[PDB]
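Everything below concerns the one structure shown next.
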Amino acid sequence: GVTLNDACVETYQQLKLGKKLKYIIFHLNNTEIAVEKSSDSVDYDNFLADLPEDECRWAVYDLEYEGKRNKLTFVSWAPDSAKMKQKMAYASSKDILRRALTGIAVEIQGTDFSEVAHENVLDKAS
């Protein structure tokens with residue numbers, strides 16, 4: 001049913017290799033997983049703004065914390081107010097995308113904004 005776009009791994013590799021990207025938002029177009037967007041923004045609140053409050057997404061975030069450490073963080077965004085048909089589709093396609101991304105250090109399943117808040121994500125990242 002569902003096919004992975006080549007641009008997903010490519011953009012992730014770009015995030016992973018050198019400093020042009022801080023996060024990536026993935027989404028279903030349904031038939032293909034695709035990059036909804038990329039960002040160079042260091043501001044964690046810009047990331048939170050791109051998680052739509054009533055829709056599911058996946059994301060990767062290059063999480064920095066305290067020298068300092070970095071961890072590539074996969075986020076399944078599945079907010080309560082999103083439609084169940086959408087939640088079921090993302091749930092059944094997740095692993096396709098997740099398996100293709102090499103070197104993910106932490107995973108987050110988020111059902112409300114407090115579960116993806118920076119402090120909560122930093123907490124889980126140690």
Segments classed as strands (runs of 3 or more DSSP E), wholly inside the range 1-113, with at least 1 members that are surrounded by 15 or more Cβ atoms within 10 Å (Cβ to Cβ) and among the basic types (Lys, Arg): 57-65, 69-77
Residues of the range 20-39 that turn out to be more than 16 Å from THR73 (Cβ to Cβ) and either among the hydroxyl-bearing types (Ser, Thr, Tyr) or out of contact with any strand residue (DSSP E or B) (no Cβ under 9 Å at 6 or more places or on another chain) (or both), as a count: 3
Members of the range 25-48 found to be within 11 Å of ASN5 (Cα to Cα), of a type outside the set (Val, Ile, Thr) and in contact with a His (Cβ under 9 Å, 6 or more places away or on another chain), listed by number: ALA34
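Here, each number is a calculation from the coordinates, and none is a lab measurement. Don't worry about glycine lacking a Cβ; one is built from the backbone with ideal geometry, like all the others, and counts go over all protein chains shown.
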